[PDB]
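Student: Sequence and experimental coordinates follow.
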Amino acid sequence: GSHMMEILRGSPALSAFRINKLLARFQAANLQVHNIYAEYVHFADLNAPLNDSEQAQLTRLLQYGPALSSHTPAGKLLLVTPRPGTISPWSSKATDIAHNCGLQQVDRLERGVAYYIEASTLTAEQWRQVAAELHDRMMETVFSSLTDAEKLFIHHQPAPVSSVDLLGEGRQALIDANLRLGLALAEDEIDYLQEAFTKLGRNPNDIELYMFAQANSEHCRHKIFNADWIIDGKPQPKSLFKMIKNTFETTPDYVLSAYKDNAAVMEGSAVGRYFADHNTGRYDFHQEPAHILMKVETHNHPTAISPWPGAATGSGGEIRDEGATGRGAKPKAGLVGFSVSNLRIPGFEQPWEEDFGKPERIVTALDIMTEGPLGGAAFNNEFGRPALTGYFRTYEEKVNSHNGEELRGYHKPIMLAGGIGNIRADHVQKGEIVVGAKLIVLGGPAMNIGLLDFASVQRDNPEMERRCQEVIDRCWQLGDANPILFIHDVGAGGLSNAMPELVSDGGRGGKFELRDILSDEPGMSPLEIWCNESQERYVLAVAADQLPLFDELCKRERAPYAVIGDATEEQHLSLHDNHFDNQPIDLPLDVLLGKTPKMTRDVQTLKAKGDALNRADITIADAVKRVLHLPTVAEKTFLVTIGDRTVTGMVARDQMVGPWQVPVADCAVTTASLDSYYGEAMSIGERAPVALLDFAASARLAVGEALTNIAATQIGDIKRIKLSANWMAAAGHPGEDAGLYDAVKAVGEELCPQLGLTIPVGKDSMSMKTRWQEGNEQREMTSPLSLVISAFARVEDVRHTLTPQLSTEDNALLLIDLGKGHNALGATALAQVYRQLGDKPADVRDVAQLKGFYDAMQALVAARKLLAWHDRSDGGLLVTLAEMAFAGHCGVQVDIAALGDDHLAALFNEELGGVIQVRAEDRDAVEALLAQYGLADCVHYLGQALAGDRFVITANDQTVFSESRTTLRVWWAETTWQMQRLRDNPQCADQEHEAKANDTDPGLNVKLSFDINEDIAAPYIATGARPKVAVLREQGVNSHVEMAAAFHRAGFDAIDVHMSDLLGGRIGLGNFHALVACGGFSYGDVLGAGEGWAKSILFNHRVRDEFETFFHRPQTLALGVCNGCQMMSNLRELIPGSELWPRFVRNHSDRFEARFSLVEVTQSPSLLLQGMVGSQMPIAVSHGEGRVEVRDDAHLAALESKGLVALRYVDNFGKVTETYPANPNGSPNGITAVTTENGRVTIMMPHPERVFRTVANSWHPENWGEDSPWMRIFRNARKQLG
Ligand SMILES: Nc1ncnc2c1ncn2[C@@H]1O[C@H](COP(=O)(O)OP(=O)(O)O)[C@@H](O)[C@H]1O
Ligand SMILES: [Cl-]
Ligand SMILES: [Cl-]
Ligand SMILES: [Mg+2]
Ligand SMILES: [Mg+2]
Ligand SMILES: [Mg+2]
């Protein structure tokens, strides 16, 4: 009706490398395309007119991104847009910016990509193939006109509820609905529904059946995990779930919550929890217990269909699980896992890989590993949690396993996302839901999502979830006045699961109004509103008298919320519809949550034969090369540098280790607070291919490896370590059900209670198989049983963590071989890379000795007797030693004669254990310590790390294997090289790869022009006079807490200043002498990073004036970091002395870069870098749009001549660099900070505030104390103010 759509043209959309890729793709499909050009195009659906000033504002909002060369359009237009009926996340954010800039006339903004294709005459046939290359069929459509985008904004009238005519047709009505709605109901569930509605005397509504079906799936009831079993004809006494709970019955130690919430909780440490007070707005430390929550989800089916959103919402859903623990809690750090079939990277096929086909309807393993990590990282980056540990396994082979010869793999992948958080002691327990409590949906509007498998295409808006987390944080930060009585995440089933679960958990019923739920799709039916799986939502209960407070909190964060119902004493569920004046749902809860009896699974053991490894084509040298090329083993950088590892300022140990930043850390460690050396650790263990031979061994190894990956961290009591067990299986596949029972028993009833390990959380995914028609033949690809164990623990001292970085001081390398010389080769990387399974796999060989291992390591860690540790896992001792030599950038000389005559088995078995490095003078003491724990016969002196490039393995006087360590390290890098090369700018991928081949690279290294231990602010702090700093944040910012903390340590009173506070008058910048614009992803970077934030200031004349006035005062200081640097660069019209500043645009890599980068401080006016000029030291970088862009060389030369460049990326050799990733973003002349003429304003891309604490620097010199060099910036600001 009365809307009108405006078209606004945008910038050129693809860089020269992406255009070439497209042209090459067209060439290789024999489509004669001579040229292709693309522009972004924007569509504004308007509800009232724009005046000229508004219109110019909207046009300006929509000019963003890198200044790529524009061209006059020519050839055939193909416009790609989101498909009609969908709203992109880009839309949600861009429209929020328009609204925050005072353009309420904009109902919605949407974007497309206009492609202009010049081709020979192409059949309509071939035009469709061109169009297919240019869009994602699961999310987008192609139009032939710009005006066709009107279809994206059509207003549809609400669809009414539909009843299913049980009373008029009998059981057939329920049968028909089952089919037509895809309810997947069993016979006995159809019976139950028939009887329930017969008793009620009325026809069920569609919404009620849908809801019921969502509540009664195998999964939502966990029928398998609660089933009775009979195994080989004997009834078993416990369900799988009871056997897991056995670990809690045996070891309840330190557990605060298990099996009754959205996450498990264990005891943490008493530390200073740092946040801004509700009454003052000032950041302060609050000394109190910070207890530790933990959870791990999977998202396997959606990732097979659309991997980017599948992975993104796997992380997003898990983050809501965390925030909705107890009465509200705070995510801290994440972990990520993938298992896929063989990559078969074009031009880099490996000799074990065979193409077995796949279903047409799923994506490939390569597409999952291309798009899926980017999705997981998009959510973690934009929400703001660091991703600090993970796994990635490839497996796809035709093997003689439990059910004979068949294809085993991961066409349906594992996509795993988990994390830890912190929680207050008084919020661990869910509160009572008082009768009459208000029932609220916190979060995003509902769309028709989760209802070609379009129903499995998810959608992520992380910035929305950050806004909600800020509200959750405000609530828990009120302590006793936290108004959240009860909270739950919204996930599977949408509100139709979440609301009834919330009321039911509190022993209440609810009454709801459909029309009070926020919706962005007015066409939706009641079923679609109630049951859709739209993201970034939470449900909670609050007392009516707390609404004004909750409203204030949400409005300050710009977090949408709706009060949608009231908790009732009666245990009934009612949903009313004010629009249709009727009652879509009217049910007793016991009807809905009544569910018929348990399952019995009556099953049989199948055990694989086992075939000795045929070693005809195997040599040691060839094996080394192959194994280094297995993705499971190979360097993981493509999965690591795409995800932030520094947000919060609490990351102590990330994946990257040492001066050469080699991703081999065995576990993650965070600090518990910004004022403590207590912390938390996370590790993973998994060994699925072993399950093709021995189900229970595979489970024991997952537990064992979690422990060996965590063991060189200072924990103490093994009972401190708590596990998530995520069970992936093809239930019903022959042999798999008995295997599953045996595996759960092996860990739940046996190994975990014996070791003293609790499993207080877990999940299950029980249809891990794919079937399709290939020739005329039915084909199937079935996963091994795949247990993933994640281990979580309180850490006693983060400073004492060891890594695989070898020292070349005089040393001894000692193998701890928990295999006890079994040296198994079955189901190893070695076997896999020669297309075999082998005979007998590794296993836990001696439970006492595994515990003894852990205890001995804990003793050695606490006594500081270890130089390094690296455990043995995929690729064996060979890979353990190789990875240590890579991390230490050195050689090894080791002898293996004591490990058996079979050198292949000694080097490549994947038995538990690993290598410790000790000082030579400590070898005897360490061996005696290990002997005290019962390990003497498992312990073997191997030799030593030596300076240089030789990787040497001997056995008596024979050389078993010898090769350049650089050669091995480059082979090991080739997979990440190839993935980066196909996914990112290939020039950057090549530069990064090639740098690894230069052994003379000295690694990160420091030069200091000042005393980093000299607190120049101390005389000021000692007065007790603390100037304020405005810690400025906009919606989506994430790095404000640690920014506050850095200024706090330098003597400031850090004030939380939201952009909403400046709009509402609750703060005025006239009361401040210092302001800092913080990092993150304001508005998700939509409309260009920092742009929405800056233009919200520029387009509100009052706030614009406020900023201009602050910056023109003679003594004020300002700092902009990351998103803040971008924001300040985007309103330089307000900042004196800033006329030569550049813009900050998409990195040359075309990828987010989370790096620990070397920079030098350069001479400039900057008052914040006084005393530091000439210093060189690393700094945290975490950005996608950090590349300095200038208008032309005139501009660059002027900026440089003016002397305003304050930081530059250098290589490890100390030279100013544009080579990647030493310069991570492509900025000319390495530029990454600039200042104004007077030196009072400085802006920079890297994050000094994330690394002001030495313990939070991924690598640093051993002689540093608590302060890193970057503390000096904050101290300089304090001293300058005087
Ligand atoms: N999917 C992933 N996402 C992020 N980090 C990962 C991922 N997979 C592996 N990593 C990290 O890369 C490094 C090497 O991984 P891997 O060799 O699987 O570990 P390990 O063999 O010690 O179990 C580790 O620091 C690990 O946390
Ligand atoms: Cl499925
Ligand atoms: Cl070092
Ligand atoms: Mg490994
Ligand atoms: Mg390891
Ligand atoms: Mg592992």
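Tutor: All right, it came through fine. Numbering: from 1, shown residues only. Ligands and ions are numbered 1, 2, ... in the order given.
Student: What residues does the stretch 851-1000 of the chain have near ligand 5?
Tutor: 871, 873 (C-beta under 5 Å from the ion). Quick note: C-beta positions are derived from backbone N, CA and C, even for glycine.
Student: okay, now residue 777: neighbour count?
Tutor: Residue 777: 8 surrounding residues under other C-beta atoms under 10 Å.
Student: Tell me which residues touch residue 578, please.
Tutor: Counting by C-beta atoms under 8 Å, 6 or more residues apart in numbering, residue 578 touches 513, 514, 515.
Student: Dump the residues you listed to a markdown table, plus distance to residue 654 and secondary structure.
Tutor: Formatted as a markdown table, the contacts of residue 578 follow (distance: C-beta to C-beta, whole Å; DSSP: H, G, I helix; E, B strand; the rest coil):
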| residue | distance to residue 654 | secondary structure |
| --- | --- | --- |
| 513 | 47 | strand |
| 514 | 46 | helix |
| 515 | 48 | helix |
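Student: In three-state terms, label the residue in the chain positioned nearest to ligand 1 for me.
Tutor: The chain approaches ligand 1 most closely through residue 390 (2.6 Å), counting by C-beta to the nearest ligand atom. What DSSP: H, G, I helix; E, B strand; the rest coil gives for residue 390 is strand.
Student: give me the element the residue at the greatest distance from the centre of the chain is part of.
Tutor: Here the chain reaches farthest from its C-alpha mean at residue 168, the gap being 51.2 Å by C-alpha atoms, centre = their mean. Assignment of secondary structure by DSSP states H and E places residue 168 within helix 166-169.
Student: next structured bit after that helix?
Tutor: helix 172-181.
Student: Check the offset of that following helix from the chain's centre.
Tutor: Centroid separation between helix 172-181 and its chain, computed with C-alpha atoms, centre = their mean, to the nearest Å, is 40 Å.
Student: Ok, stretch 1186-1200 next?
Tutor: 35 Å.
Student: could you dump it to PDB, C-alpha only?
Tutor: Provided in PDB are the C-alpha atoms of stretch 1186-1200 (Å, rounded to 0.1, in the frame of the first residue of the first chain):
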ATOM      1  CA  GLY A1186      41.700  -1.800   9.500                       C
ATOM      2  CA  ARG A1187      43.400  -1.000   6.200                       C
ATOM      3  CA  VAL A1188      44.400   2.700   6.000                       C
ATOM      4  CA  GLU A1189      43.000   4.100   2.800                       C
ATOM      5  CA  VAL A1190      44.000   7.400   1.400                       C
ATOM      6  CA  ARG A1191      42.400   9.500  -1.500                       C
ATOM      7  CA  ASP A1192      45.700   9.400  -3.500                       C
ATOM      8  CA  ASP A1193      49.500   9.500  -3.100                       C
ATOM      9  CA  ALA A1194      49.300  13.300  -2.400                       C
ATOM     10  CA  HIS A1195      47.200  12.600   0.700                       C
ATOM     11  CA  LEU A1196      49.600   9.800   1.900                       C
ATOM     12  CA  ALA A1197      52.600  12.000   1.400                       C
ATOM     13  CA  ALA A1198      50.900  14.900   3.200                       C
ATOM     14  CA  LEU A1199      50.000  12.800   6.100                       C
ATOM     15  CA  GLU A1200      53.500  11.500   6.300                       C
END
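Student: Buried residues, that stretch. List them.
Tutor: Buried positions in stretch 1186-1200, judged by neighbour count with 16 or more other C-beta atoms under 10 Å: 1186, 1187, 1188, 1189, 1190, 1196, 1199.
Student: What about those residues, which are in helices?
Tutor: Using DSSP state H, 1196, 1199 are the members of the buried residues of stretch 1186-1200 that sit in helices.
Student: Distance to residue 989 for the buried residues of stretch 1186-1200 - can I get that in TSV?
Tutor: What follows is the buried residues of stretch 1186-1200, written out as TSV (distance: C-beta to C-beta, whole Å):
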residue	distance to residue 989
1186	18
1187	17
1188	21
1189	22
1190	25
1196	26
1199	30
